[PDB]
Amino acid sequence: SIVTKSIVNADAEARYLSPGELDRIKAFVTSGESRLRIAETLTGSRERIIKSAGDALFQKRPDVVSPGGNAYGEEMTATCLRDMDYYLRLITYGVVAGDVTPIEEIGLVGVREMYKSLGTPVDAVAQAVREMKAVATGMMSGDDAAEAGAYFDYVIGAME
Amino acid sequence: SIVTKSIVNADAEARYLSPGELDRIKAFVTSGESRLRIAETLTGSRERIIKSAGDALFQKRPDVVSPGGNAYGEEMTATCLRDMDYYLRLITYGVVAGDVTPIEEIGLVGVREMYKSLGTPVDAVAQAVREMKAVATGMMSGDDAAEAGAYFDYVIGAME
Amino acid sequence: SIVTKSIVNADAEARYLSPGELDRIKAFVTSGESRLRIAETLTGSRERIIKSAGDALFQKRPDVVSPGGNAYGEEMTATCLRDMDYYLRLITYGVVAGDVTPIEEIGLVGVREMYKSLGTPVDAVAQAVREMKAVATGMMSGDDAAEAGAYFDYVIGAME
Amino acid sequence: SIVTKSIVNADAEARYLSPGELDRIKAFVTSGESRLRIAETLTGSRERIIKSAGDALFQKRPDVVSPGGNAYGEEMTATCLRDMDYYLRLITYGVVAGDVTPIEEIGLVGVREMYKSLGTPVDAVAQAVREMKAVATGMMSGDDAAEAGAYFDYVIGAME
Amino acid sequence: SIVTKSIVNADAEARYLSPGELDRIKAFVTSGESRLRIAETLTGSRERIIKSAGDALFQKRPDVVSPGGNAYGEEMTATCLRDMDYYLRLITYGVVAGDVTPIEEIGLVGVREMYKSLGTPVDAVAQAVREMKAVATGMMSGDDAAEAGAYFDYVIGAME
Amino acid sequence: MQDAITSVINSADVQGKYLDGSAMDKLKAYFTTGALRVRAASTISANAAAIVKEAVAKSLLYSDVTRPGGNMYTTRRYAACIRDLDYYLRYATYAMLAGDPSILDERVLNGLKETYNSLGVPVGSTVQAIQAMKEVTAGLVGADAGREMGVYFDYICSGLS
Amino acid sequence: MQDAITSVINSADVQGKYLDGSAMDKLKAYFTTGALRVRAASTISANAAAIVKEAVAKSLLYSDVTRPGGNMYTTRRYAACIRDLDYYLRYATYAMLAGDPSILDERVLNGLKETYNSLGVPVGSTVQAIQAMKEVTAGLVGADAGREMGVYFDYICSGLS
Amino acid sequence: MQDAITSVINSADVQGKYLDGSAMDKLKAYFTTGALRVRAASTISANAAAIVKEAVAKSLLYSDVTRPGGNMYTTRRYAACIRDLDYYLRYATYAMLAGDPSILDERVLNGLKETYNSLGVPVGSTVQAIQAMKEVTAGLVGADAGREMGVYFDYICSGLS
Amino acid sequence: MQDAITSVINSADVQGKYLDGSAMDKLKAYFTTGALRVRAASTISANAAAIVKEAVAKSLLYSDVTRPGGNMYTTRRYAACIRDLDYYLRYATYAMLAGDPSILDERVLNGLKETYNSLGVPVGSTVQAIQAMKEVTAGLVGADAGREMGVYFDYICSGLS
Amino acid sequence: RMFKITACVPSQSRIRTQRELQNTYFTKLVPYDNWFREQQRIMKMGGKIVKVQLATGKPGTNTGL
Amino acid sequence: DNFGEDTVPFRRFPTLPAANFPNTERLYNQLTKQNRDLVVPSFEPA
Ligand SMILES: *[C@H](C)[C@H]1/C(=C/c2[nH]c(/C=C3N=C(/C=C4\NC(=O)C(CC)=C4C)C(C)=C\3CCC(=O)O)c(CCC(=O)O)c2C)NC(=O)[C@@H]1C
Ligand SMILES: CCC1=C(C)/C(=C/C2=NC(=C\c3[nH]c(/C=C4\NC(=O)[C@H](C)[C@H]4CC)c(C)c3CCC(=O)O)/C(CCC(=O)O)=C2C)NC1=O
Ligand SMILES: CCC1=C(C)/C(=C/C2=NC(=C\c3[nH]c(/C=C4\NC(=O)[C@H](C)[C@H]4CC)c(C)c3CCC(=O)O)/C(CCC(=O)O)=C2C)NC1=O
Ligand SMILES: CCC1=C(C)/C(=C/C2=NC(=C\c3[nH]c(/C=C4\NC(=O)[C@H](C)[C@H]4CC)c(C)c3CCC(=O)O)/C(CCC(=O)O)=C2C)NC1=O
Ligand SMILES: CCC1=C(C)/C(=C/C2=NC(=C\c3[nH]c(/C=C4\NC(=O)[C@H](C)[C@H]4CC)c(C)c3CCC(=O)O)/C(CCC(=O)O)=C2C)NC1=O
Ligand SMILES: CCC1=C(C)/C(=C/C2=NC(=C\c3[nH]c(/C=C4\NC(=O)[C@H](C)[C@H]4CC)c(C)c3CCC(=O)O)/C(CCC(=O)O)=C2C)NC1=O
Ligand SMILES: CCC1=C(C)/C(=C/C2=NC(=C\c3[nH]c(/C=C4\NC(=O)[C@H](C)[C@H]4CC)c(C)c3CCC(=O)O)/C(CCC(=O)O)=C2C)NC1=O
Ligand SMILES: CCC1=C(C)/C(=C/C2=NC(=C\c3[nH]c(/C=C4\NC(=O)[C@H](C)[C@H]4CC)c(C)c3CCC(=O)O)/C(CCC(=O)O)=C2C)NC1=O
């Protein structure tokens, strides 16, 4: 969360927490209801988001669903949607955390190495999280869409 | 090459060339005639190697030639044939030099970063060099195919 | 051997073994019979080599056998011939190893320091291994004499 | 000298000269008269020191003058006595300066590398300075012999 | 002492002790009687020195004995005189050591940190050791007063 | 390094489920504690030097440790002692803010035991000093946050002993 | 770090004798194996990434490890897993080339056990993955060199277990 | 690192008293020994290489150690042996100058035992070499300073064994 | 740093062309001379110190530069001179093995003139020393190997002057 | 050839305001060639060595380390 | 002494060797492969 990051910052600088970041933790504390609402709406409509985003990705980039591509077949397309499920789950975790660090710890360290192993094109995954971002911000109200799009934007930035 | 590598490896150690390294350079100097024969074999039949390897690659991996594939629209396939020609030229350089420092020091260091910036699947490039290796070792005698397949093996290994 | 040195080279460069040094290990594997023959002839005539080389050294440099010199007396001359025995033994080890590294590990690291302790003139030892080299290459056939003289040459180079 | 060493040792420490170092410089300044007397004793009788020390050295170590040794022949024995003259001159410099930084900083740093490149046994040079010390401390009073034998002791210690 | 400091200097420079610092240790050895006399006179009159110096400090700086100050009350003034006792004790230790290093090890490393913790004004302690210095050098003969005032001067220099 | 939030996310992540209502219950528990956690953290950050000096004046000052013969005798050892106490108080404040003692097990009690055995530091005097600091900060910042600091100081003592 | 040659020289050196005929017999055994050792090493170096991906696709992929709840869940742990497998295959190739498992005992199995206990890595899944990699490389490079890789993979498993 | 002077100051410091007359007695004992300590130190510094070569020629040369089969066989091990002996002699000279064996317990015998167990160095041959070096330096520099070097060489042997 | 092979490849690559017949002929010339280069490099590695000391005995000994006031006077300066001549012989051997003097102006002749001009090193005397080293090694390895050594020795003397 | 060393190193000259437990107590793998100099450095720090251990060493081997 | 065991080395700004500051500034002010020149060849004797 923001509190662990402020604590490791005050630890490496070997001082107490500044009143600026105490005010940051307090503002995060008061904005908990808005982030709960955002993560609530995202956990509500995860299937519709995944279905529309996967069909938009397959319409945009047909290489992955082509023969010889990565996600070819029923189980491979289902595993592709499972990976999109994991990434939307980490998006909700980072949305409720107030920080991008659980998304970093769980699903951003070695995604290039492991997708280099599986043969998955990583830019296709960046396009998938782009479509998930466009659909989820199409669902939300514009201010909350900006908040969720910050974390989605961070994920596609760490992808490509 | 072999002489560069031996000179540098004795050069850091602040010593002259050891006699074992010297008979290494001597054996490479004697085997240079067979190296030049393999180089003429690879040079003179480059058209059929590139053509048949591109044919077998697009047969094997049709999605990169398929809509949404990086290599789409005659020039994308044709453009790829130029990249395959580059790698066959580096194979010829590594065959003559007796070591893979031409191949690595020209076209294998930032190959991942370049082909990620272009949007290219690197596994399909490894399949392209695999089909080039199949056509090239189908073109020679046994020990000549082994000596050329060592450098083809290094290129496919340095891809993944 | 050559295999340990190629392995530590591929380890420090953090890659697999190149097909050039795989071909080097294979050529070393095929030349095992020639090096077995060289080490066989050297282990055969070690006493004659040592006797002729020691008398040639004492004829060339009489300071070591003079009164006040290092190798004065029966036991001191016998220990001088024992040290020549150790060096010809390490020569045979390096001849059968294909590399100079067991000669380095056993008898080349601190010979200047220990002979600085005992009072032995190290250039006299270099002359002794020079006479052993001349006699052993006088015994061998010229190509095998060149191979053994490479290791002998390395020993006198690391001496002086 | 003493003043150079005290100035440098206070200079790295970013401080002035401590009063103990100052009475050190003061005591050396007062003992400079006895130092100059020892220097005149060593300077005026250099012929007999070099002659008798060379005689006792070649009596003690006859192999270096025997054929096969370094100092064999007229010119070579003259160069040997010249090297002994150099070391007696550095002894006089170290006697005047009150410290061994003239002796070390002129003729003791790369003495091992130089005498190894010339082919010289360094133990016989240590015996030469030992015989020079015997003749020189046989030439003076008790405390004068101790003060000169300190620097002779440093030269033989820096040999081995 | 001076011997530990010369030993750690010859250790870090990885050489033997120079004859300059051998002469320094010898001069320290001969001056042992004078430093024994200085430490003897200081251990004799420690109570009179402490009483006159504490009353001179309280006359000079009355903030410490004022209400609200540090040394307010019977026990606080007694602990102030106890700290002056510790510092005069370390002064005698450094006087008999010939070096300031036991004063450094026992009572000079963290005095600013610990007196920041207790609330003691450190410049008041520097004034206290100044008054102890003035009184002790008023007691001694002028040359021995200069020696003891060197260590007292070092303590007030490390204070402020 | 985990908060109450990061430990909740971690526990829901190992078993593999999404956020359930009980996780939201723990999260709202953390928030309603976290407001007063912030105010207590500001109070401790304001008065840390007085807290440490009252802790050592309570327990360590007129004993054999601050006297000769103890491990707190020299000014080097006294400065190291005050630094050790300041670090205990600072890491207890971090654990109070995060709502999880994983930082105390991660950075404080990692190798502190064996260096305390090897340097010869008394464990009992340190534990007494930490407990004195505990009720000093309890009397300073209040009752509930005094209990908050209490379980984290007790976590440090249990990892120490 | 010793070859077959360096171990022969070492054994003849501890007892103190020169080279006997039985040492020459072991040396010629090493050479006549070493030619095909070179060709198998080139084949393994050519196809290492496909070997590792077939090994994990054989054993580790549709289990609880690559699933949530396992030690192979996150992408950090997956990348560490693929790196561990690549290192096992590379050091097995080095031991195959040298003809001696002293490198596996020297560099691989030195402290790998205790860090595998301390990080909570399952030993059994790793052993299954290594054995799957063993018959993958056996089907790739051939029968006799498959046995060569087999005893060195088994050496890694025995040092692991 | 303490002298006779620093140990006297330290002992008078732990109990907390000033310098008493018995401390001055120990200090004058140290000085009247220290003059001849200086001359013996200069003599040992002048002849250290001959002392070490006579020590190894006395005890270690025609045994199984300098022969094959011993831990002193190769030139690497011989150079390490001569370096170990030079370090024993140098630290014995430092302990002779300081008048206290705390340097030998501080820098020499700190972890020398366990590395001598782990490398397989024979303790008995080292102890024989040090004792041979002891009477070599005793015959060199004289009787009383020979005893001075004797108790410090014996301190090194007792810490070694 | 490039040999004849790497320079031929670099020319054909900067052209962008394939290896035509002139490049094949250049590489055939290098692959014919390489065995002679190997044998001369072994013979020069045999007698490094002898060639260096014979070069000093021919040129620099008994002249003014070894007398007082000369730049080769002290033992430090003599050792540094032997070091510099060993560098020249070693890098001339490397440039002989590569068949290209790119290593000489990359790693010897880069800042050598400015270093020698800042130190006060005579450039003419060291050029005569390198010429005598060339004469001695051309007497050692024969006519044509001495010539292909002397072309790089003349390269070093030309870049130094 | 790698030594597992464990050592507690107090820095007496400076009271370091940071945590620095790794500068104080550490267990690390050192190569044999640098272990001599590193042990000398540790002794110059004065820090006591709890244990040394060697598991890559193969002692008694004159050839091949 | 400066960096320690756990710290990455960094750009020091040293004072007291009088050569050391302008040489350090001339070294670190350049980019890599800015020029082939060695910034100090050696120090001229006194
Ligand atoms: C080929 C079978 C695969 C493939 C190829 C592909 N390559 C490109 C474009 C470029 N490729 C390079 C590559 C190199 N330049 C080099 O110097 C070397 C070493 C000798 C290599 C390998 C470069 C520089 C380009 C950019 C254009 C240029 O040539 O200057 C493309 C086009 C990418 C695009 O966005 O247009 C393609 C399609 N792609 C495949 O699908 C095959 C698997
Ligand atoms: C939370 C962090 C996290 C990530 C990222 C993750 C990825 C992940 N992706 C997998 C498979 C996969 N993922 C894909 C996905 C894709 N390929 C395509 O064609 C699409 C473009 C792209 C979808 C965006 C495919 C096709 C597979 C199956 C690969 C195979 O079976 O060879 C698997 C293997 C099956 C399993 O054990 O569940 C894992 C672990 N796991 C995690 O725990
Ligand atoms: C002031 C510091 C200093 C020293 C020491 C010094 C030594 C020195 N000794 C030399 C030669 C020599 N020095 C010796 C000396 C000896 N050989 C023996 O056997 C004896 C043990 C010993 C003398 C007693 C000999 C024999 C040579 C000639 C070497 C040769 O011709 O190859 C030479 C080369 C010729 C010359 O220019 O003089 C130098 C430079 N130069 C210096 O500037
Ligand atoms: C040998 C090295 C050494 C030093 C320096 C040292 C200082 C020291 N000073 C103390 C107290 C003190 N020291 C002072 C001293 C002062 N405040 C003033 O007003 C005066 C200006 C100044 C006197 C110069 C006072 C007032 C206390 C009591 C502080 C308190 O009780 O809060 C205490 C607490 C009591 C104890 O455990 O003895 C220690 C340890 N101890 C040592 O072992
Ligand atoms: C050269 C010899 C050598 C080896 C082998 C080696 C292994 C090694 N494996 C590690 C982790 C690991 N190794 C695995 C292994 C696996 N995944 C599983 O679940 C399976 C059981 C197995 C896949 C086959 C995992 C999951 C981790 C990371 C666990 C973590 O720390 O999060 C780590 C901790 C640092 C890291 O994250 O990589 C080391 C040092 N180090 C060495 O120097
Ligand atoms: C395999 C690596 C290796 C080497 C090099 C080696 C040298 C070695 N040389 C020795 C002695 C010796 N070596 C010599 C040799 C010489 N002095 C001369 O006059 C001659 C010119 C020169 C002969 C080339 C002499 C005279 C001794 C006896 C020295 C003495 O007893 O003082 C000894 C002492 C006796 C023993 O323990 O066997 C060793 C260990 N040992 C080894 O294990
Ligand atoms: C300042 C205190 C200090 C000491 C003493 C010290 C000793 C020390 N002795 C060592 C080895 C050694 N010491 C010996 C000793 C001996 N030869 C024998 O056989 C005899 C029993 C004895 C000769 C008297 C040998 C043979 C080795 C090397 C064994 C090996 O690792 O191959 C090593 C391992 C690194 C090396 O090769 O040098 C250390 C660190 N280090 C220190 O910091
Ligand atoms: C962030 C977590 C963390 C902690 C806590 C930590 C502690 C730590 N405490 C130390 C010493 C110490 N700690 C104490 C402690 C005490 N004084 C006493 O006697 C009492 C029992 C206690 C006072 C409350 C003392 C006296 C020393 C120094 C002993 C010495 O080495 O001379 C040292 C050795 C270096 C030094 O001198 O400071 C470390 C590394 N390091 C860390 O990274």
# chains A, B, ... in the order shown; residues from 1 in each chain; ligands from 1
>>> residues_near_ligand(ligand="ligand 4", cutoff="6 Å", atoms="only C-alpha atoms and all ligand atoms", output="PDB file with N, CA and C atoms, in the first residue's frame")
ATOM      1  N   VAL E  64      24.204  26.482  34.134  1.00  0.00           N
ATOM      2  CA  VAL E  64      24.075  25.065  34.445  1.00  0.00           C
ATOM      3  C   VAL E  64      23.604  24.871  35.880  1.00  0.00           C
ATOM      4  N   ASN E  70      20.879  22.247  33.565  1.00  0.00           N
ATOM      5  CA  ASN E  70      21.227  20.835  33.680  1.00  0.00           C
ATOM      6  C   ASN E  70      21.601  20.461  35.106  1.00  0.00           C
ATOM      7  N   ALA E  71      22.679  21.042  35.622  1.00  0.00           N
ATOM      8  CA  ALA E  71      23.262  20.617  36.890  1.00  0.00           C
ATOM      9  C   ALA E  71      22.643  21.414  38.034  1.00  0.00           C
ATOM     10  N   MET E  76      22.931  16.533  41.115  1.00  0.00           N
ATOM     11  CA  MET E  76      23.309  16.916  39.761  1.00  0.00           C
ATOM     12  C   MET E  76      24.664  17.605  39.743  1.00  0.00           C
ATOM     13  N   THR E  79      27.192  14.885  40.243  1.00  0.00           N
ATOM     14  CA  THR E  79      27.425  14.126  39.020  1.00  0.00           C
ATOM     15  C   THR E  79      28.237  14.934  38.019  1.00  0.00           C
ATOM     16  N   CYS E  80      28.071  16.258  38.030  1.00  0.00           N
ATOM     17  CA  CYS E  80      28.916  17.131  37.221  1.00  0.00           C
ATOM     18  C   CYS E  80      30.378  17.022  37.640  1.00  0.00           C
ATOM     19  N   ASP E  83      31.742  13.717  36.458  1.00  0.00           N
ATOM     20  CA  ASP E  83      32.145  13.718  35.055  1.00  0.00           C
ATOM     21  C   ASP E  83      33.478  14.429  34.871  1.00  0.00           C
ATOM     22  N   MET E  84      33.706  15.494  35.644  1.00  0.00           N
ATOM     23  CA  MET E  84      35.026  16.121  35.641  1.00  0.00           C
ATOM     24  C   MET E  84      36.092  15.181  36.199  1.00  0.00           C
ATOM     25  N   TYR E  86      36.016  11.865  35.825  1.00  0.00           N
ATOM     26  CA  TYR E  86      36.276  10.925  34.739  1.00  0.00           C
ATOM     27  C   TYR E  86      37.185  11.540  33.687  1.00  0.00           C
ATOM     28  N   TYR E  87      36.996  12.825  33.399  1.00  0.00           N
ATOM     29  CA  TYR E  87      37.809  13.443  32.358  1.00  0.00           C
ATOM     30  C   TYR E  87      39.233  13.701  32.829  1.00  0.00           C
ATOM     31  N   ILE E 106      37.841   5.737  25.436  1.00  0.00           N
ATOM     32  CA  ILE E 106      36.972   5.678  26.603  1.00  0.00           C
ATOM     33  C   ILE E 106      35.990   6.842  26.616  1.00  0.00           C
ATOM     34  N   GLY E 107      36.448   8.044  26.294  1.00  0.00           N
ATOM     35  CA  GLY E 107      35.564   9.169  26.516  1.00  0.00           C
ATOM     36  C   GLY E 107      35.507  10.265  25.478  1.00  0.00           C
ATOM     37  N   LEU E 118      21.298  13.429  27.319  1.00  0.00           N
ATOM     38  CA  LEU E 118      21.095  13.828  28.708  1.00  0.00           C
ATOM     39  C   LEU E 118      20.621  15.270  28.818  1.00  0.00           C
ATOM     40  N   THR E 120      22.943  17.788  28.519  1.00  0.00           N
ATOM     41  CA  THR E 120      24.085  18.554  28.979  1.00  0.00           C
ATOM     42  C   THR E 120      24.610  19.449  27.859  1.00  0.00           C
ATOM     43  N   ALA E 124      29.687  23.825  27.890  1.00  0.00           N
ATOM     44  CA  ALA E 124      29.928  23.972  29.320  1.00  0.00           C
ATOM     45  C   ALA E 124      30.935  22.942  29.812  1.00  0.00           C
ATOM     46  N   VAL E 125      30.892  21.732  29.254  1.00  0.00           N
ATOM     47  CA  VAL E 125      31.879  20.715  29.603  1.00  0.00           C
ATOM     48  C   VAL E 125      33.248  21.102  29.071  1.00  0.00           C
ATOM     49  N   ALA E 128      34.565  23.457  31.466  1.00  0.00           N
ATOM     50  CA  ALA E 128      35.003  22.765  32.674  1.00  0.00           C
ATOM     51  C   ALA E 128      36.389  22.165  32.496  1.00  0.00           C
TER      52      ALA E 128
ATOM     53  N   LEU F  61      20.037   4.026  33.956  1.00  0.00           N
ATOM     54  CA  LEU F  61      20.976   5.075  34.341  1.00  0.00           C
ATOM     55  C   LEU F  61      21.751   4.737  35.613  1.00  0.00           C
ATOM     56  N   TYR F  62      21.059   4.537  36.719  1.00  0.00           N
ATOM     57  CA  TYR F  62      21.777   4.232  37.948  1.00  0.00           C
ATOM     58  C   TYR F  62      21.779   2.733  38.226  1.00  0.00           C
ATOM     59  N   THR F  66      25.391   1.633  33.041  1.00  0.00           N
ATOM     60  CA  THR F  66      25.858   3.001  32.826  1.00  0.00           C
ATOM     61  C   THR F  66      27.044   3.308  33.747  1.00  0.00           C
ATOM     62  N   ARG F  67      27.193   2.541  34.835  1.00  0.00           N
ATOM     63  CA  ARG F  67      28.380   2.553  35.690  1.00  0.00           C
ATOM     64  C   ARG F  67      29.550   1.838  35.003  1.00  0.00           C
ATOM     65  N   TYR F  73      29.373   1.438  29.546  1.00  0.00           N
ATOM     66  CA  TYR F  73      30.251   2.292  30.339  1.00  0.00           C
ATOM     67  C   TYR F  73      30.821   3.436  29.512  1.00  0.00           C
ATOM     68  N   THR F  74      31.545   3.123  28.441  1.00  0.00           N
ATOM     69  CA  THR F  74      32.214   4.155  27.664  1.00  0.00           C
ATOM     70  C   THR F  74      31.212   4.989  26.876  1.00  0.00           C
ATOM     71  N   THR F  75      31.696   6.111  26.348  1.00  0.00           N
ATOM     72  CA  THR F  75      30.836   6.982  25.559  1.00  0.00           C
ATOM     73  C   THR F  75      30.530   6.368  24.205  1.00  0.00           C
TER      74      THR F  75
END
>>> residues_near_ligand(ligand="ligand 5", cutoff="6 Å", atoms="only C-alpha atoms and all ligand atoms", output="list in words")
residues 65, 71, 72, 77, 80, 81, 84, 85, 87, 107, 108, 119, 121, 122, 123, 125, 126 and 129 of chain G
>>> select_by_dssp(residues="chain E", states="helix (DSSP H, G or I)", output="PyMOL selection string")
chain E and resi 2-12+19-30+32-44+46-60+74-97+101-107+111-118+122-139+142-159
>>> residues_around(residues="residue 158 in chain G", least_positions_apart="4", cutoff="10 Å", atoms="only C-alpha atoms", output="PyMOL selection string")
chain G and resi 109+127+152-154
>>> write_last_selection(atoms="N, CA and C atoms", output="mmCIF file, in the first residue's frame")
data_model
loop_
_atom_site.group_PDB
_atom_site.id
_atom_site.type_symbol
_atom_site.label_atom_id
_atom_site.label_comp_id
_atom_site.auth_asym_id
_atom_site.auth_seq_id
_atom_site.Cartn_x
_atom_site.Cartn_y
_atom_site.Cartn_z
ATOM 1 N N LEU G 109 25.293 -28.098 -6.029
ATOM 2 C CA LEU G 109 24.775 -28.658 -4.792
ATOM 3 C C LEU G 109 25.525 -28.176 -3.563
ATOM 4 N N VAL G 127 12.639 -32.317 -8.681
ATOM 5 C CA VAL G 127 13.193 -33.606 -9.083
ATOM 6 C C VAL G 127 12.409 -34.186 -10.255
ATOM 7 N N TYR G 152 24.242 -37.695 -14.693
ATOM 8 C CA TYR G 152 24.555 -36.392 -14.109
ATOM 9 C C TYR G 152 23.300 -35.693 -13.597
ATOM 10 N N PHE G 153 22.173 -35.874 -14.290
ATOM 11 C CA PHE G 153 20.893 -35.420 -13.759
ATOM 12 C C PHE G 153 20.539 -36.171 -12.483
ATOM 13 N N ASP G 154 20.874 -37.462 -12.425
ATOM 14 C CA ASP G 154 20.618 -38.243 -11.224
ATOM 15 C C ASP G 154 21.538 -37.819 -10.091
#
>>> interface_residues(of="chain G", to="chain H", cutoff="10 Å", atoms="only C-alpha atoms", output="VMD selection string")
chain G and resid 13 to 17
>>> residues_around(residues="range 42-49 of chain G", least_positions_apart="3", cutoff="9 Å", atoms="only C-alpha atoms", output="VMD selection string")
(chain A and resid 117) or (chain B and resid 150 152 to 158 160) or (chain C and resid 16 to 19 22) or (chain G and resid 37 to 39 52 to 54 86 89 to 90 93 137 140 to 141)
>>> interface_residues(of="chain A", to="chain F", cutoff="7 Å", atoms="only C-alpha atoms", output="VMD selection string")
chain A and resid 1 3 to 4 7 16 22 26 29
>>> write_last_selection(atoms="N, CA and C atoms", output="tab-separated table (two decimals), in the first residue's frame")
chain	number	residue	atom	x	y	z
A	1	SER	N	0.84	-1.19	0.00
A	1	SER	CA	0.00	0.00	0.00
A	1	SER	C	0.87	1.25	0.00
A	3	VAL	N	1.32	2.97	2.65
A	3	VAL	CA	1.91	3.05	3.99
A	3	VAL	C	3.21	2.26	4.05
A	4	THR	N	3.24	1.09	3.41
A	4	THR	CA	4.48	0.32	3.33
A	4	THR	C	5.54	1.08	2.55
A	7	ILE	N	6.83	3.88	4.61
A	7	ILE	CA	7.64	3.35	5.70
A	7	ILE	C	9.02	2.94	5.20
A	16	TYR	N	11.89	9.71	10.79
A	16	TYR	CA	10.46	9.48	10.95
A	16	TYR	C	9.71	9.90	9.70
A	22	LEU	N	2.51	11.89	6.22
A	22	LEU	CA	1.41	11.64	7.16
A	22	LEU	C	0.09	12.18	6.63
A	26	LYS	N	-3.22	10.10	5.53
A	26	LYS	CA	-4.54	10.52	6.01
A	26	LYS	C	-5.50	10.75	4.85
A	29	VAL	N	-6.51	7.44	3.60
A	29	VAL	CA	-7.49	6.92	4.55
A	29	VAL	C	-8.88	7.47	4.27
>>> interface_residues(of="chain J", to="chain E", cutoff="8 Å", atoms="only C-alpha atoms", output="VMD selection string")
chain J and resid 13 to 15
>>> atom_distance(atom1="CA of residue 100 in chain E", atom2="CA of residue 13 in chain D")
14.3 Å
>>> interface_residues(of="chain K", to="chain J", cutoff="10 Å", atoms="only C-alpha atoms", output="VMD selection string")
chain K and resid 4 to 7
>>> atom_distance(atom1="CA of residue 134 in chain F", atom2="CA of residue 9 in chain A")
24.6 Å
>>> closest_atom_pairs(of="chain D", to="chain E", cutoff="10 Å", atoms="only C-alpha atoms", output="tab-separated table")
residue	atom	partner	partner_atom	distance
D:1	CA	E:20	CA	8.8
D:2	CA	E:20	CA	6.6
D:5	CA	E:20	CA	8.5
D:6	CA	E:20	CA	9.2
D:18	CA	E:150	CA	9.0
D:19	CA	E:150	CA	8.1
D:20	CA	E:24	CA	8.4
D:21	CA	E:24	CA	8.2
D:23	CA	E:27	CA	9.4
D:24	CA	E:24	CA	6.8
D:25	CA	E:20	CA	9.9
D:27	CA	E:27	CA	9.3
D:28	CA	E:20	CA	9.5
D:98	CA	E:20	CA	7.5
D:99	CA	E:20	CA	6.1
D:100	CA	E:19	CA	7.6
D:101	CA	E:18	CA	9.3
D:150	CA	E:19	CA	8.0
D:151	CA	E:19	CA	8.7
D:154	CA	E:19	CA	9.0
>>> atom_distance(atom1="atom 23 (C, counted along the ligand's line) of ligand 3", atom2="CA of residue 112 in chain C")
20.4 Å
